[PDB]
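Structure below is entry_0.cif: mmCIF, C-alpha atoms.
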```
data_model
loop_
_atom_site.group_PDB
_atom_site.id
_atom_site.type_symbol
_atom_site.label_atom_id
_atom_site.label_comp_id
_atom_site.auth_asym_id
_atom_site.auth_seq_id
_atom_site.Cartn_x
_atom_site.Cartn_y
_atom_site.Cartn_z
ATOM 1 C CA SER A 1 0.000 0.000 0.000
ATOM 2 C CA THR A 2 0.887 3.668 -0.180
ATOM 3 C CA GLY A 3 -0.484 7.012 0.947
ATOM 4 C CA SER A 4 0.006 10.579 -0.235
ATOM 5 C CA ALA A 5 -1.223 13.722 1.500
ATOM 6 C CA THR A 6 -0.711 17.428 0.949
ATOM 7 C CA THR A 7 0.731 19.405 3.832
ATOM 8 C CA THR A 8 -0.070 23.136 4.057
ATOM 9 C CA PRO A 9 1.616 25.952 5.969
ATOM 10 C CA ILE A 10 -0.491 27.310 8.829
ATOM 11 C CA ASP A 11 0.480 30.911 8.127
ATOM 12 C CA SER A 12 2.511 33.160 5.821
ATOM 13 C CA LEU A 13 5.778 32.379 7.632
ATOM 14 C CA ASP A 14 5.620 28.568 7.416
ATOM 15 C CA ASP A 15 5.547 28.430 11.228
ATOM 16 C CA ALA A 16 4.248 24.861 10.911
ATOM 17 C CA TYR A 17 2.466 22.626 8.425
ATOM 18 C CA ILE A 18 -0.870 20.830 8.739
ATOM 19 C CA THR A 19 -1.960 17.650 7.020
ATOM 20 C CA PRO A 20 -5.528 16.318 6.989
ATOM 21 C CA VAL A 21 -6.015 12.969 8.776
ATOM 22 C CA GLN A 22 -9.172 10.857 8.837
ATOM 23 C CA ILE A 23 -9.968 9.370 12.254
ATOM 24 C CA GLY A 24 -12.765 6.958 13.051
ATOM 25 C CA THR A 25 -15.951 5.753 11.390
ATOM 26 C CA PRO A 26 -17.521 7.780 9.855
ATOM 27 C CA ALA A 27 -14.328 9.711 9.247
ATOM 28 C CA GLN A 28 -13.595 12.735 11.380
ATOM 29 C CA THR A 29 -11.014 14.867 9.573
ATOM 30 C CA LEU A 30 -8.527 16.724 11.757
ATOM 31 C CA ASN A 31 -5.578 18.794 10.621
ATOM 32 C CA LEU A 32 -2.498 17.440 12.324
ATOM 33 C CA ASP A 33 1.087 18.639 12.618
ATOM 34 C CA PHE A 34 3.270 15.784 11.311
ATOM 35 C CA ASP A 35 6.246 15.715 13.660
ATOM 36 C CA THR A 36 9.341 13.606 12.933
ATOM 37 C CA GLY A 37 10.652 14.777 16.318
ATOM 38 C CA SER A 38 8.043 13.013 18.480
ATOM 39 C CA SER A 39 6.082 9.783 18.574
ATOM 40 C CA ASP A 40 2.571 10.467 19.874
ATOM 41 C CA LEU A 41 -0.551 10.897 17.735
ATOM 42 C CA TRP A 42 -2.680 13.135 19.924
ATOM 43 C CA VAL A 43 -5.773 15.193 19.204
ATOM 44 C CA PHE A 44 -8.028 17.863 20.567
ATOM 45 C CA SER A 45 -11.164 15.998 21.546
ATOM 46 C CA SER A 46 -14.562 16.015 23.186
ATOM 47 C CA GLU A 47 -12.630 15.276 26.384
ATOM 48 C CA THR A 48 -10.416 18.377 26.200
ATOM 49 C CA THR A 49 -11.082 20.924 28.981
ATOM 50 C CA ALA A 50 -13.548 23.352 27.383
ATOM 51 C CA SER A 51 -11.621 26.500 28.361
ATOM 52 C CA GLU A 52 -8.592 25.103 26.514
ATOM 53 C CA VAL A 53 -10.342 24.686 23.155
ATOM 54 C CA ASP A 54 -10.415 27.783 20.875
ATOM 55 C CA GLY A 55 -11.320 27.073 17.251
ATOM 56 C CA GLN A 56 -9.798 23.619 16.849
ATOM 57 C CA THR A 57 -11.636 20.705 15.312
ATOM 58 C CA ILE A 58 -12.143 17.958 17.883
ATOM 59 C CA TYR A 59 -12.223 14.174 17.712
ATOM 60 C CA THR A 60 -15.303 12.715 19.411
ATOM 61 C CA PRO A 61 -14.677 9.013 20.026
ATOM 62 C CA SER A 62 -18.289 8.379 21.089
ATOM 63 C CA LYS A 63 -19.352 9.170 17.500
ATOM 64 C CA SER A 64 -16.922 6.629 16.038
ATOM 65 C CA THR A 65 -18.183 3.075 15.684
ATOM 66 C CA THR A 66 -14.593 1.790 15.481
ATOM 67 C CA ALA A 67 -13.261 3.666 18.550
ATOM 68 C CA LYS A 68 -12.295 1.535 21.551
ATOM 69 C CA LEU A 69 -11.010 2.785 24.883
ATOM 70 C CA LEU A 70 -7.478 1.625 25.548
ATOM 71 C CA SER A 71 -8.361 0.804 29.112
ATOM 72 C CA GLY A 72 -6.067 2.174 31.779
ATOM 73 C CA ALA A 73 -3.842 3.995 29.287
ATOM 74 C CA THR A 74 -2.693 7.570 29.851
ATOM 75 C CA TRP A 75 -0.194 9.822 28.099
ATOM 76 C CA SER A 76 1.637 13.028 28.885
ATOM 77 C CA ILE A 77 4.119 14.881 26.711
ATOM 78 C CA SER A 78 6.257 18.005 26.879
ATOM 79 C CA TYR A 79 7.917 19.573 23.845
ATOM 80 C CA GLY A 80 11.151 21.517 23.337
ATOM 81 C CA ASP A 81 9.230 24.785 23.120
ATOM 82 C CA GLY A 82 7.818 24.219 26.603
ATOM 83 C CA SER A 83 4.354 23.250 25.413
ATOM 84 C CA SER A 84 2.550 20.164 26.716
ATOM 85 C CA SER A 85 -0.580 18.007 26.621
ATOM 86 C CA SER A 86 -1.960 14.881 28.295
ATOM 87 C CA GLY A 87 -4.968 12.599 28.425
ATOM 88 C CA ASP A 88 -6.245 9.093 27.784
ATOM 89 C CA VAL A 89 -6.189 6.805 24.759
ATOM 90 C CA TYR A 90 -8.506 5.179 22.235
ATOM 91 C CA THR A 91 -7.688 2.890 19.361
ATOM 92 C CA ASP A 92 -9.356 3.738 16.079
ATOM 93 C CA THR A 93 -8.997 3.652 12.314
ATOM 94 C CA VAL A 94 -6.665 6.372 11.022
ATOM 95 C CA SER A 95 -6.096 7.172 7.346
ATOM 96 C CA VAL A 96 -3.566 9.512 5.777
ATOM 97 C CA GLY A 97 -3.838 10.232 2.090
ATOM 98 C CA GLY A 98 -5.506 6.922 1.291
ATOM 99 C CA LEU A 99 -3.331 4.772 3.607
ATOM 100 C CA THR A 100 -5.333 3.192 6.439
ATOM 101 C CA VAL A 101 -4.183 1.820 9.784
ATOM 102 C CA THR A 102 -6.667 -0.025 11.947
ATOM 103 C CA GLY A 103 -6.129 -0.092 15.703
ATOM 104 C CA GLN A 104 -3.998 3.058 15.791
ATOM 105 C CA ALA A 105 -3.532 4.609 19.226
ATOM 106 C CA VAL A 106 -5.263 7.985 19.136
ATOM 107 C CA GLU A 107 -4.335 9.917 22.250
ATOM 108 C CA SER A 108 -7.220 12.095 23.349
ATOM 109 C CA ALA A 109 -6.212 15.309 25.090
ATOM 110 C CA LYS A 110 -7.824 16.101 28.414
ATOM 111 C CA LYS A 111 -5.455 19.052 28.889
ATOM 112 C CA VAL A 112 -3.337 21.136 26.503
ATOM 113 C CA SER A 113 -1.017 24.039 27.278
ATOM 114 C CA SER A 114 -1.727 27.604 26.222
ATOM 115 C CA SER A 115 0.392 27.496 23.059
ATOM 116 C CA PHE A 116 -1.858 24.783 21.661
ATOM 117 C CA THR A 117 -5.086 26.514 22.677
ATOM 118 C CA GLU A 118 -3.839 29.722 21.055
ATOM 119 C CA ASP A 119 -3.165 28.041 17.711
ATOM 120 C CA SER A 120 -6.567 27.452 16.124
ATOM 121 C CA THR A 121 -5.049 25.839 13.033
ATOM 122 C CA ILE A 122 -3.487 22.756 14.666
ATOM 123 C CA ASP A 123 -5.892 20.030 15.825
ATOM 124 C CA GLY A 124 -3.156 17.769 17.193
ATOM 125 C CA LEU A 125 0.148 16.128 16.324
ATOM 126 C CA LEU A 126 1.043 12.968 14.424
ATOM 127 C CA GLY A 127 4.412 11.728 15.624
ATOM 128 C CA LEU A 128 6.828 10.141 13.153
ATOM 129 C CA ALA A 129 9.941 9.652 15.282
ATOM 130 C CA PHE A 130 10.717 6.178 16.665
ATOM 131 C CA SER A 131 8.055 4.466 18.756
ATOM 132 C CA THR A 132 10.509 4.200 21.672
ATOM 133 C CA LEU A 133 9.645 7.869 22.436
ATOM 134 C CA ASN A 134 5.908 7.248 22.645
ATOM 135 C CA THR A 135 4.584 8.363 26.030
ATOM 136 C CA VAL A 136 1.598 6.025 26.501
ATOM 137 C CA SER A 137 1.638 4.149 29.818
ATOM 138 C CA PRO A 138 1.569 1.363 30.871
ATOM 139 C CA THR A 139 1.815 -0.011 27.320
ATOM 140 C CA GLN A 140 3.851 2.110 24.902
ATOM 141 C CA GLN A 141 2.115 2.524 21.559
ATOM 142 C CA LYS A 142 3.378 2.481 17.961
ATOM 143 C CA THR A 143 3.421 5.439 15.589
ATOM 144 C CA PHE A 144 1.210 5.556 12.502
ATOM 145 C CA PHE A 145 4.290 4.810 10.374
ATOM 146 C CA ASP A 146 5.384 1.912 12.571
ATOM 147 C CA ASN A 147 1.874 0.394 12.314
ATOM 148 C CA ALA A 148 1.682 0.889 8.539
ATOM 149 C CA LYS A 149 5.231 -0.210 7.787
ATOM 150 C CA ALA A 150 4.758 -3.896 7.051
ATOM 151 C CA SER A 151 1.901 -3.132 4.640
ATOM 152 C CA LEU A 152 3.737 -0.426 2.718
ATOM 153 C CA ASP A 153 5.250 -1.163 -0.677
ATOM 154 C CA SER A 154 8.555 0.095 0.762
ATOM 155 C CA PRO A 155 9.131 0.881 4.470
ATOM 156 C CA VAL A 156 9.658 4.611 3.955
ATOM 157 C CA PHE A 157 7.972 7.959 4.149
ATOM 158 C CA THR A 158 9.050 11.206 2.533
ATOM 159 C CA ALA A 159 8.738 14.876 3.479
ATOM 160 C CA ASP A 160 8.602 17.454 0.706
ATOM 161 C CA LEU A 161 7.825 20.687 2.502
ATOM 162 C CA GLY A 162 7.119 23.841 0.559
ATOM 163 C CA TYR A 163 8.509 27.326 0.973
ATOM 164 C CA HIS A 164 5.474 29.566 1.453
ATOM 165 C CA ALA A 165 3.516 26.842 -0.337
ATOM 166 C CA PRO A 166 1.969 23.410 0.156
ATOM 167 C CA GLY A 167 4.030 20.252 -0.026
ATOM 168 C CA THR A 168 3.605 16.521 0.341
ATOM 169 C CA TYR A 169 4.030 13.620 2.739
ATOM 170 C CA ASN A 170 4.220 10.265 0.961
ATOM 171 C CA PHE A 171 4.119 6.855 2.611
ATOM 172 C CA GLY A 172 5.450 3.688 1.053
ATOM 173 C CA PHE A 173 7.090 5.037 -2.099
ATOM 174 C CA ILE A 174 9.628 7.522 -3.400
ATOM 175 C CA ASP A 175 8.280 9.936 -6.048
ATOM 176 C CA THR A 176 11.189 10.199 -8.457
ATOM 177 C CA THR A 177 9.571 13.242 -10.115
ATOM 178 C CA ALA A 178 9.704 15.266 -6.885
ATOM 179 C CA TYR A 179 13.451 15.974 -6.749
ATOM 180 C CA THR A 180 16.437 16.804 -8.950
ATOM 181 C CA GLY A 181 19.701 14.889 -9.122
ATOM 182 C CA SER A 182 20.205 11.929 -6.800
ATOM 183 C CA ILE A 183 19.178 11.131 -3.224
ATOM 184 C CA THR A 184 22.173 10.938 -0.889
ATOM 185 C CA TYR A 185 21.596 8.591 2.028
ATOM 186 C CA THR A 186 23.253 9.016 5.386
ATOM 187 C CA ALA A 187 23.401 6.976 8.606
ATOM 188 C CA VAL A 188 20.880 7.337 11.410
ATOM 189 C CA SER A 189 21.285 6.718 15.112
ATOM 190 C CA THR A 190 18.040 5.741 16.814
ATOM 191 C CA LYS A 191 19.600 5.729 20.295
ATOM 192 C CA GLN A 192 17.702 8.854 21.390
ATOM 193 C CA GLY A 193 14.549 7.883 19.450
ATOM 194 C CA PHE A 194 15.042 10.566 16.798
ATOM 195 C CA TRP A 195 15.993 10.613 13.125
ATOM 196 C CA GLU A 196 19.485 11.587 14.232
ATOM 197 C CA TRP A 197 22.265 11.974 11.669
ATOM 198 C CA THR A 198 25.561 13.801 11.104
ATOM 199 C CA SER A 199 25.894 16.596 8.579
ATOM 200 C CA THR A 200 29.344 16.879 6.992
ATOM 201 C CA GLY A 201 29.608 20.656 7.200
ATOM 202 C CA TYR A 202 28.331 24.006 6.026
ATOM 203 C CA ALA A 203 28.878 27.067 3.910
ATOM 204 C CA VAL A 204 27.565 30.631 4.227
ATOM 205 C CA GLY A 205 26.488 32.200 0.952
ATOM 206 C CA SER A 206 29.198 31.854 -1.686
ATOM 207 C CA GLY A 207 31.802 31.103 0.974
ATOM 208 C CA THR A 208 33.968 28.017 1.021
ATOM 209 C CA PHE A 209 32.600 24.857 2.562
ATOM 210 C CA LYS A 210 33.704 24.059 6.111
ATOM 211 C CA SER A 211 34.083 20.320 6.670
ATOM 212 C CA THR A 212 32.921 19.614 10.200
ATOM 213 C CA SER A 213 30.641 16.996 11.739
ATOM 214 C CA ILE A 214 27.311 18.364 12.962
ATOM 215 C CA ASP A 215 25.112 15.814 14.761
ATOM 216 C CA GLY A 216 21.436 16.731 14.677
ATOM 217 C CA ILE A 217 17.867 15.587 14.153
ATOM 218 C CA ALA A 218 15.591 15.848 11.142
ATOM 219 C CA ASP A 219 12.526 17.383 12.775
ATOM 220 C CA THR A 220 9.502 18.447 10.726
ATOM 221 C CA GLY A 221 7.861 19.641 13.947
ATOM 222 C CA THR A 222 10.424 22.371 14.603
ATOM 223 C CA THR A 223 10.140 25.574 12.575
ATOM 224 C CA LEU A 224 13.727 26.798 12.494
ATOM 225 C CA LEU A 225 17.273 25.531 11.976
ATOM 226 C CA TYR A 226 19.149 25.269 15.284
ATOM 227 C CA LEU A 227 22.907 24.792 15.023
ATOM 228 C CA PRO A 228 25.995 25.303 17.189
ATOM 229 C CA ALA A 229 26.715 28.870 18.221
ATOM 230 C CA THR A 230 29.943 28.958 16.200
ATOM 231 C CA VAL A 231 28.123 28.083 12.957
ATOM 232 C CA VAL A 232 25.267 30.471 13.654
ATOM 233 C CA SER A 233 27.628 33.337 14.471
ATOM 234 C CA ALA A 234 29.497 32.748 11.198
ATOM 235 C CA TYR A 235 26.192 32.993 9.324
ATOM 236 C CA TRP A 236 24.885 36.183 10.916
ATOM 237 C CA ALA A 237 28.268 37.897 10.677
ATOM 238 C CA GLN A 238 27.559 38.036 6.923
ATOM 239 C CA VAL A 239 24.321 39.981 7.435
ATOM 240 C CA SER A 240 24.594 43.733 7.794
ATOM 241 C CA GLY A 241 23.161 44.905 11.104
ATOM 242 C CA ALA A 242 22.382 41.435 12.457
ATOM 243 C CA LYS A 243 22.681 40.859 16.187
ATOM 244 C CA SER A 244 21.753 38.386 18.881
ATOM 245 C CA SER A 245 19.074 39.904 21.064
ATOM 246 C CA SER A 246 18.618 38.457 24.522
ATOM 247 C CA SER A 247 15.307 40.326 24.918
ATOM 248 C CA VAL A 248 13.921 38.891 21.679
ATOM 249 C CA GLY A 249 15.497 35.462 22.194
ATOM 250 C CA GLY A 250 17.767 35.072 19.190
ATOM 251 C CA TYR A 251 19.306 36.665 16.134
ATOM 252 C CA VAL A 252 17.427 39.520 14.478
ATOM 253 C CA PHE A 253 18.310 41.576 11.438
ATOM 254 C CA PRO A 254 16.997 44.576 9.519
ATOM 255 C CA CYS A 255 14.640 43.568 6.797
ATOM 256 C CA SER A 256 16.536 45.893 4.437
ATOM 257 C CA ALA A 257 19.450 43.446 4.686
ATOM 258 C CA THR A 258 20.060 40.697 2.130
ATOM 259 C CA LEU A 259 20.272 37.196 3.566
ATOM 260 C CA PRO A 260 22.923 34.848 2.222
ATOM 261 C CA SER A 261 22.070 31.244 1.529
ATOM 262 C CA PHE A 262 23.160 28.515 3.919
ATOM 263 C CA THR A 263 24.503 25.222 2.653
ATOM 264 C CA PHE A 264 24.635 22.026 4.692
ATOM 265 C CA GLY A 265 26.474 18.822 3.864
ATOM 266 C CA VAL A 266 24.936 15.393 3.433
ATOM 267 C CA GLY A 267 27.857 13.120 2.819
ATOM 268 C CA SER A 268 29.599 14.537 -0.232
ATOM 269 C CA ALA A 269 26.348 16.197 -1.362
ATOM 270 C CA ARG A 270 25.112 19.699 -0.567
ATOM 271 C CA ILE A 271 21.679 21.169 0.248
ATOM 272 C CA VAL A 272 21.349 24.909 -0.319
ATOM 273 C CA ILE A 273 18.846 26.836 1.811
ATOM 274 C CA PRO A 274 18.035 30.073 -0.059
ATOM 275 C CA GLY A 275 18.393 33.284 1.932
ATOM 276 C CA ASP A 276 14.676 34.048 1.727
ATOM 277 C CA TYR A 277 13.923 30.840 3.676
ATOM 278 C CA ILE A 278 15.790 32.321 6.658
ATOM 279 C CA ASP A 279 13.493 35.401 6.979
ATOM 280 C CA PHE A 280 10.758 35.012 9.620
ATOM 281 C CA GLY A 281 9.513 38.572 9.440
ATOM 282 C CA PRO A 282 9.054 41.366 11.948
ATOM 283 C CA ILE A 283 9.519 40.502 15.623
ATOM 284 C CA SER A 284 6.307 42.460 16.255
ATOM 285 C CA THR A 285 3.846 44.116 13.878
ATOM 286 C CA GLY A 286 5.377 47.210 12.330
ATOM 287 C CA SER A 287 8.902 46.510 13.554
ATOM 288 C CA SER A 288 11.897 46.959 11.325
ATOM 289 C CA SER A 289 13.662 44.127 13.175
ATOM 290 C CA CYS A 290 13.210 40.735 11.541
ATOM 291 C CA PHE A 291 13.616 37.352 13.236
ATOM 292 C CA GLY A 292 16.180 34.954 11.820
ATOM 293 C CA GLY A 293 15.517 31.415 10.732
ATOM 294 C CA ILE A 294 18.912 30.079 11.826
ATOM 295 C CA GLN A 295 19.392 30.179 15.573
ATOM 296 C CA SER A 296 21.731 28.733 18.167
ATOM 297 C CA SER A 297 21.066 25.298 19.611
ATOM 298 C CA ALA A 298 23.145 26.101 22.697
ATOM 299 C CA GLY A 299 21.134 24.994 25.700
ATOM 300 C CA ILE A 300 18.755 22.784 23.684
ATOM 301 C CA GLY A 301 21.223 19.951 24.001
ATOM 302 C CA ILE A 302 20.819 18.892 20.370
ATOM 303 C CA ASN A 303 21.060 20.471 16.928
ATOM 304 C CA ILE A 304 17.779 20.526 15.030
ATOM 305 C CA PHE A 305 17.339 20.452 11.269
ATOM 306 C CA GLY A 306 13.849 21.887 11.384
ATOM 307 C CA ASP A 307 11.576 23.077 8.597
ATOM 308 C CA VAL A 308 13.954 25.859 7.421
ATOM 309 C CA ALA A 309 16.439 23.172 6.441
ATOM 310 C CA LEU A 310 14.076 20.370 5.459
ATOM 311 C CA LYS A 311 11.931 22.478 3.123
ATOM 312 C CA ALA A 312 15.051 23.038 0.968
ATOM 313 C CA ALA A 313 15.188 19.283 0.274
ATOM 314 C CA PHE A 314 13.253 16.174 -0.632
ATOM 315 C CA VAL A 315 13.775 14.034 2.468
ATOM 316 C CA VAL A 316 13.484 10.246 2.738
ATOM 317 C CA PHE A 317 12.842 8.731 6.142
ATOM 318 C CA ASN A 318 13.880 5.151 5.495
ATOM 319 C CA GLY A 319 12.439 2.799 8.087
ATOM 320 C CA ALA A 320 14.235 -0.313 6.884
ATOM 321 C CA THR A 321 15.696 -2.634 9.524
ATOM 322 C CA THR A 322 18.675 -0.278 9.647
ATOM 323 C CA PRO A 323 17.084 3.144 9.255
ATOM 324 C CA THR A 324 18.734 5.836 7.136
ATOM 325 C CA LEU A 325 17.922 9.355 5.919
ATOM 326 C CA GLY A 326 18.040 10.529 2.324
ATOM 327 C CA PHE A 327 18.300 14.085 1.045
ATOM 328 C CA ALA A 328 17.903 15.396 -2.497
ATOM 329 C CA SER A 329 17.782 18.887 -3.926
ATOM 330 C CA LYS A 330 14.536 19.909 -5.613
#
```
Take the structure in this file and express it as structure tokens.
Amino acid sequence: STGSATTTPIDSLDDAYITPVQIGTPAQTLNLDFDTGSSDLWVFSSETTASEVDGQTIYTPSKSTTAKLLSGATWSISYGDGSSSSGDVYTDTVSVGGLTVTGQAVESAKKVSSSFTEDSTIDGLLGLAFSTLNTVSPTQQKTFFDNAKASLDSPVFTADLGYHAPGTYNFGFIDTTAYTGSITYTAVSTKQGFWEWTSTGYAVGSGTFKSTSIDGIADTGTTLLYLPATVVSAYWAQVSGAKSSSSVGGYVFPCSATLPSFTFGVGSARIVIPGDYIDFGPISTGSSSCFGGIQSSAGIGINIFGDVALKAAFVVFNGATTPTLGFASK
């Protein structure tokens, strides 16, 4: 089997992307944030504290003839941005772009933190990291991909995120029309439960390439590119008027400035992030100070190849017995 679904930015900055997911019978369609950095499929629901729901579409398991309580199961997750959610669990039929999993754990939120309430466009998350990170207790649950894997034509999914435009998540096949050149594959460590890999270096604009190992995660659920402070400083030093602002919480730059591209290494291959992808607009409405899309990972504890980086590539998440990651230009 295969599946193919369009993923759409939630706003004009590509702050996140939402993908429609059918849950239950008859289908209830929710727009979920596909997150290769976590492993829980959780949704706003009829069980979510009323004061914490503000515009989201909810899953109502009582209206689904295929929903079954996963008795005794609870879940609770916290994300890198300090947001969180928790609740109980049902199993139900979940379909993404024509690909159906029966008996998928659908984690129903009883509580969500303010960041989720305040984002009316995201109805929940669909985790695509390794199932070892799943938070369901007492019985850890499998991701949608893990459940689908054996049925897929090939045990892979791909992320083709758009810049200020829709893109595509495919399951079970590689669309050879969706990228240019070849796909370069690189080793993955699953030891922390992430799609963790090692970039071979970087360049800033037309500058020479610096060969250096950068360990990080491919994370569709993180907006920006977070890299070591040395790398980030080298980038912003090439932008007139750029500075790191402790009050704002990262590098900012005047919008009158031209942003150089940023290149990262995948083996001997190179992915070029255009300068425009690194502009996240005014820090506040009307401000002349713009927020940068490359920021320091210092104090996160891991480097994160978030959407800024991934949307410059066609990315293969290869879930073969030994997982690997593939990157192509597009």
Answer key for the PyMOL selection byres ((chain A and resi 160) around 7), residues as a tab-separated table (two decimals) with C-alpha atoms, in the frame of the given file:
```
chain	number	residue	atom	x	y	z
A	158	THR	CA	9.05	11.21	2.53
A	159	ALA	CA	8.74	14.88	3.48
A	161	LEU	CA	7.82	20.69	2.50
A	162	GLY	CA	7.12	23.84	0.56
A	167	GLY	CA	4.03	20.25	-0.03
A	168	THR	CA	3.60	16.52	0.34
A	169	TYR	CA	4.03	13.62	2.74
A	311	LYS	CA	11.93	22.48	3.12
A	313	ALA	CA	15.19	19.28	0.27
A	314	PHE	CA	13.25	16.17	-0.63
A	315	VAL	CA	13.78	14.03	2.47
```
(message) For residue 91 in chain A, find every residue with an atom within 9 Å (counting only C-alpha atoms), except residues of its own chain fewer than 5 positions away, and show them as a PyMOL selection string.
(response) chain A and resi 66-70+102-107
Residues just named, written with C-alpha atoms as a PDB file, in the frame of the given file:
```
ATOM      1  CA  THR A  66     -14.593   1.790  15.481  1.00  0.00           C
ATOM      2  CA  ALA A  67     -13.261   3.666  18.550  1.00  0.00           C
ATOM      3  CA  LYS A  68     -12.295   1.535  21.551  1.00  0.00           C
ATOM      4  CA  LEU A  69     -11.010   2.785  24.883  1.00  0.00           C
ATOM      5  CA  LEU A  70      -7.478   1.625  25.548  1.00  0.00           C
ATOM      6  CA  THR A 102      -6.667  -0.025  11.947  1.00  0.00           C
ATOM      7  CA  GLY A 103      -6.129  -0.092  15.703  1.00  0.00           C
ATOM      8  CA  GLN A 104      -3.998   3.058  15.791  1.00  0.00           C
ATOM      9  CA  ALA A 105      -3.532   4.609  19.226  1.00  0.00           C
ATOM     10  CA  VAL A 106      -5.263   7.985  19.136  1.00  0.00           C
ATOM     11  CA  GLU A 107      -4.335   9.917  22.250  1.00  0.00           C
TER      12      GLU A 107
END
```
(message) Calculated over all atoms listed in the file, which of the candidates A:257, A:304, A:176, A:262 has the smallest distance to residue 210 in chain A?
(response) A:262
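Residues matched by the PyMOL selection byres ((chain A and resi 8) around 8) in this file: residues 6, 7, 9, 10, 17, 18, 19, 165, 166 and 167 of chain A.
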(request) Using the chain letters and numbering of this document, enumerate as an MDAnalysis selection string the residues selected by the PyMOL selection byres ((chain A and resi 185) around 9). (result) chainID A and resid 183:184 186:187 266:267 316 324:328
(message) Which residue is closest to residue 171 in chain A? Choose from A:318, A:74, A:114, A:39 and count all atoms listed in the file.
(response) A:318
(request) Using all atoms listed in the file, pick whichever of A:13, A:43, A:135, A:296 has the shortest atom-to-atom distance to residue 73 in chain A. (result) A:135
(message) To one decimal place in Å, what is the distance between CA of residue 3 in chain A and CA of residue 41 in chain A?
(response)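 These two atoms are separated by 17.2 Å.
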(request) Name the residues in contact with residue 211 in chain A at a cut-off of 10 Å, using only C-alpha atoms, excluding same-chain residues fewer than 4 positions from it; report them as a list in words. (result)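 After dropping sequence-adjacent residues, the list is residues 199, 200, 201, 202, 203, 264 and 265 of chain A.
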(message) For a quick check of understanding, using all atoms listed in the file, which of A:180, A:222, A:60, A:2 has the smallest distance to residue 16 in chain A?
(response)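 Using all atoms listed in the file, residue 16 in chain A sits closest to A:222.
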(request) Give me, please, the distance in Å between CA of residue 291 in chain A and CA of residue 204 in chain A, quoted to one decimal. (result)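 Interatomic distance, CA of residue 291 in chain A to CA of residue 204 in chain A: 17.9 Å.
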(request) Counting all atoms listed in the file, figure out which residue out of A:51, A:12, A:246, A:139 gets nearest to residue 279 in chain A. (result)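 Selected residue with least distance to residue 279 in chain A: A:12.
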(message) Can you measure CA of residue 142 in chain A to CA of residue 48 in chain A for me? One decimal in Å is fine.
(response)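 Between CA of residue 142 in chain A and CA of residue 48 in chain A the gap is 22.6 Å.
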(request) List the neighbours of residue 241 in chain A out to 12 Å using all atoms listed in the file; skip same-chain residues closer than 6 positions along the sequence, and give me the result as a ChimeraX atom specification. (result) /A:251-259,288-290
Given 6 Å on each side, where is the centre and what are the edge lengths in Å to one decimal of the axis-aligned box enclosing the listed atoms of range 20-27 of chain A, as AutoDock Vina command-line options?
```
--center_x -11.5 --center_y 11.0 --center_z 10.0 --size_x 24.0 --size_y 22.6 --size_z 18.1
```
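Among A:295, A:97, A:225, A:284, the residue with the shortest atom-to-atom distance to residue 312 in chain A, counting all atoms listed in the file, is A:225.
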Show me the residues around (-2.7, 1.9, 9.1) - criterion: an atom at most 8 Å away, all atoms listed in the file counted - as a tab-separated table (two decimals) with C-alpha atoms, keeping the file's coordinate frame.
```tsv
chain	number	residue	atom	x	y	z
A	93	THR	CA	-9.00	3.65	12.31
A	94	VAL	CA	-6.66	6.37	11.02
A	95	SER	CA	-6.10	7.17	7.35
A	99	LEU	CA	-3.33	4.77	3.61
A	100	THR	CA	-5.33	3.19	6.44
A	101	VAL	CA	-4.18	1.82	9.78
A	102	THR	CA	-6.67	-0.02	11.95
A	103	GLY	CA	-6.13	-0.09	15.70
A	104	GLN	CA	-4.00	3.06	15.79
A	144	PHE	CA	1.21	5.56	12.50
A	145	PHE	CA	4.29	4.81	10.37
A	147	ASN	CA	1.87	0.39	12.31
A	148	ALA	CA	1.68	0.89	8.54
```
(request) Write out as a ChimeraX atom specification the residues lying within 12 Å of residue 47 in chain A, counting all atoms listed in the file and excluding same-chain residues fewer than 4 positions away. (result) /A:43,51-53,58-62,86-90,107-112
Could you give me range 72-79 of chain A completed to N, CA and C atoms, formatted as a tab-separated table (two decimals), in the coordinates of the input?
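New file part37.tsv:
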```tsv
chain	number	residue	atom	x	y	z
A	72	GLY	N	-7.15	1.95	30.85
A	72	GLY	CA	-6.07	2.17	31.78
A	72	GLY	C	-4.94	3.03	31.24
A	73	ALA	N	-4.94	3.29	29.93
A	73	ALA	CA	-3.84	4.00	29.29
A	73	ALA	C	-3.93	5.51	29.49
A	74	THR	N	-2.80	6.12	29.80
A	74	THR	CA	-2.69	7.57	29.85
A	74	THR	C	-1.45	8.00	29.09
A	75	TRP	N	-1.35	9.29	28.79
A	75	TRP	CA	-0.19	9.82	28.10
A	75	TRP	C	0.03	11.23	28.58
A	76	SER	N	1.27	11.70	28.43
A	76	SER	CA	1.64	13.03	28.88
A	76	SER	C	2.95	13.39	28.21
A	77	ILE	N	2.95	14.51	27.50
A	77	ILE	CA	4.12	14.88	26.71
A	77	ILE	C	4.46	16.34	26.93
A	78	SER	N	5.76	16.64	26.87
A	78	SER	CA	6.26	18.00	26.88
A	78	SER	C	7.20	18.17	25.69
A	79	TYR	N	7.11	19.31	25.03
A	79	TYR	CA	7.92	19.57	23.84
A	79	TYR	C	9.05	20.58	24.12
```
